[PDB]
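Listed next as structure tokens is one chain, alone, in the form deposited in one PDB entry.
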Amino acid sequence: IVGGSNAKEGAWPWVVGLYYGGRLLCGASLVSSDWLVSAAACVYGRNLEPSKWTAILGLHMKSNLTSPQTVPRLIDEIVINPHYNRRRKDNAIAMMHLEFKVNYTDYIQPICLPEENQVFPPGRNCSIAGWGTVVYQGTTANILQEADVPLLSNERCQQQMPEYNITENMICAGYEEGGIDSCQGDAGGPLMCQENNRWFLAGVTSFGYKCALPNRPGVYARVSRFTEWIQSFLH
């Protein structure tokens, strides 16, 4: 995807890979002991047969999976956010059920949803993850890819990217000069910010116009307004 960096061993315990038919396709965040939050676009149309979705929690590399640090689970129920339209690729948020219960350990850690009346300032440089590729026309990297990108306000993103509606339902994060990007490829990782050693879920990554293209930041799905919807299923 050009610009990404390999994540450290166990540096992202809140990222769980998803396999459909034996191939990694998307990622998700561990919100509770029985729920995962992933992009709705990468799982749209495949929710009719949850048995074909296998969730590997604590996934670091695709070389091996039968390790104590990795928790395999079978998805039973998939819920798609009603506001998703697939026309403007907005509100691409979906939830998956992890059987009955999931424990927690060093390599399996939960995630933090945004609090009430929490606003991310523009220009805030937050981290993104996902198993991206070295280049768009290349092979998917075997090591988890991480990057740091600054946030962009919706008003400025409309002027910089007059291609999608975007609006306030999703937030643009990236570099106006390009160079570093991880939205493309089979990453499926979430955009995460820093809140004084508290890993708040800033958002879920989504479609990108072009990797490392200047003035084309990754338009990731904002989850601040969808915190109540997630907590409704969680609680």
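Note that the rigid core is defined as the largest set of C-alphas that superpose within 1.5 Å between two forms. Numbers for residues come from their place in the sequence shown, where the first is 1.
Form deposited in another entry: not shown, discussed below.
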Did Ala28 shift 2 Å or more between this form and the one not shown, C-alpha, core superposed:
no
Classify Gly203 as shifted (yes) or not shifted (no) between this form and the one not shown, where shifted means its C-alpha moves by 2 Å or more with the rigid core superposed.
no
Once the core is aligned, does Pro190 move its Cα by at least 2 Å between this form and the one not shown?
no
